[PDB]
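# Structure at a glance
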Amino acid sequence: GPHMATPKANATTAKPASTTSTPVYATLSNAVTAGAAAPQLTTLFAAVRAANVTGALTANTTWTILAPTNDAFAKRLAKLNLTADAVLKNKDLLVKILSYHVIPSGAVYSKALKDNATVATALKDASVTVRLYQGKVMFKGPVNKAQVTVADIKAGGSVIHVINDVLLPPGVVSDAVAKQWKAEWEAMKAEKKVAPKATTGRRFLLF
Ligand SMILES: CC1=C(/C=C/C(C)=C/C=C/C(C)=C/C=C/C=C(C)/C=C/C=C(C)/C=C/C2=C(C)C(=O)[C@@H](O)CC2(C)C)C(C)(C)C[C@H](O)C1=O
């Protein structure tokens, strides 16, 4: 018989903006404005904003982002012995790192939260392990681990958690730095062979 059909098409865009002060947010826009007003996420917002990724934050969008306090960046930065400006100007690294900070896996649930339960980030070949301790959600990766200090941030459409430290993907950490942590396991003397991929430390001041 008569078997004929047609294609489909649909799309929309919006750029809302409203600065308010309340315990519960209405949408992503509300969440961002909240963190932006507080210096607690100065560094983070500094990268997230400059990165121009905020555009992704829309309504009816379920996502899990990690907003680590300033101390976090200052910690990992001091330990890695690197410059922030060099990265701030480097869009490549900006999104490269921020990508991991985000979790497209979706709003995690306490019921699903487990010790072995792993989470997949936006960055390919990047995942973290879930850990339960003191009724808190702890994260652990291949290099450097952090713990969620304040979570359950009332948001609209999406959800964000506050961490004390920040985590970085494989390859971003230098050999020397990464070695400092590897030494802990090296002491055992029983693992697989691993080599570097890229180096870092290219920045000079000029007036
Ligand atoms: C862009 C983009 C993509 C990628 C987008 C990324 C990677 C976005 C990253 C966003 C972040 C990281 C947002 C963080 C957004 C973070 C936000 C909104 C954080 C809010 C934090 C708050 C309100 C914290 C509050 C408190 C604090 C901090 C305390 O310390 C307590 O004491 C008090 C209390 C009140 C609990 C894509 C790949 C999908 C491709 C798309 O085509 C596209 O276009």
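Per the PDB record, this model was obtained through solution NMR.

### As for the pairing of strand β5 (residues 136-140)
When strand β4 (residues 127-133) meets β5, the two strands line up antiparallel, connected through five bridges. Across the sheet, the residue bridging to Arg 131 is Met 138, located in β5. Hairpin remark: β5 followed by strand β6 (residues 146-153), antiparallel, with five residues in the connecting loop; positive phi at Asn 144, about 70°.

### Here we look at the sheet that holds strand β2 (residues 102-103)
Ordered in space as β2-β1-β7-β6-β5-β4-β3, the seven strands form an open sheet in which the pairing is mixed. Looking at the sheet topology across the chains shown, the edges are occupied by β2 and β3 (118-120). With three bridges connecting them, β3 and β4 associate as antiparallel partners. Paired with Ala 120 across the bridge in β4 is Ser 127.

### Focus: the UniProt feature "domain: FAS1" (unreviewed entry) in the chain
In the numbering used here, UniProt assigns the "domain: FAS1" (unreviewed entry) feature to residues 28-167. Helix makes up 34% of residues 28-167 and strand 24%, and the two end C-alpha atoms of the span are 23 Å apart.

### A word on the side chain of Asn 30
The residue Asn 30 is located in helix α1 (residues 28-37) in this model. Beyond its immediate stretch of four places on either side in the chain, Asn 30 contacts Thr 20 and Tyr 25.

### Some words on the environment of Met 4
Assignment of secondary structure puts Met 4 in the segment before α1. Classification of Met 4 by relative accessible area gives exposed; the value is 77%. In the structure, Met 4 is positioned 99 residues away from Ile 103 in sequence and 41 Å away in space, judged by C-alpha atoms.

### Considerations on the site of the ligand
Taken together, 17 residues lie around the ligand, and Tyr 25, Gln 40, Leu 41, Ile 65 and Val 102 are the ones closest in. Here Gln 40 contributes a side-chain N or O atom positioned 3.0 Å from an oxygen atom of the ligand. Relative to its unbound accessible surface of 1,000 Å², the ligand loses 68% to contact with the protein. In terms of residues, the shell around the ligand owes the most to one element, α1, which gives four residues. The residue makeup of the shell around the ligand, split by class, is 15 nonpolar, two polar and no charged.

### Some details on the nonpolar core
The biggest cluster of nonpolar side chains holds 24 residues, and the ones touching the most others in it are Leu 44, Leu 94, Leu 98 and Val 173. Secondary-structure elements contributing two or more residues to this core are α1, α2 (42-50), α3 (70-80), α5 (91-101) and α6 (175-186). It is α2 that contributes the most residues to this core, four residues altogether. Listed in part, the 13 residues of the second largest apolar core include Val 119, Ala 126, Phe 139 and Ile 163.

Cut-offs applied
Residues numbered from 1 in each chain as written, not as in the entry; some residues may be left out. Heavy atoms only, no water. Pairing = 2+ DSSP bridges. Helix = DSSP H or I, 4+ residues; strand = E, 2+ residues; numbered from the N terminus. UniProt positions renumbered as here; feature names shortened; annotations may be inferred. Contact = heavy atoms within 4.5 Å. Buried < 20%, exposed > 50% of the residue type's maximum accessible area, 1.4 Å probe, protein only. Near = heavy atom within 4 Å. Polar contact = N/O pair within 3.5 Å; in protein donor to acceptor, adjacent residues only side chain to side chain. Areas by Shrake-Rupley, 256 points an atom, 1.4 Å probe, with all protein chains shown as cover. Nonpolar A, V, L, I, M, F, W, Y, C, P; charged D, E, K, R; others polar. Core = buried A, V, L, I, M, F, W, Y, C linked by side-chain atoms within 4.5 Å.

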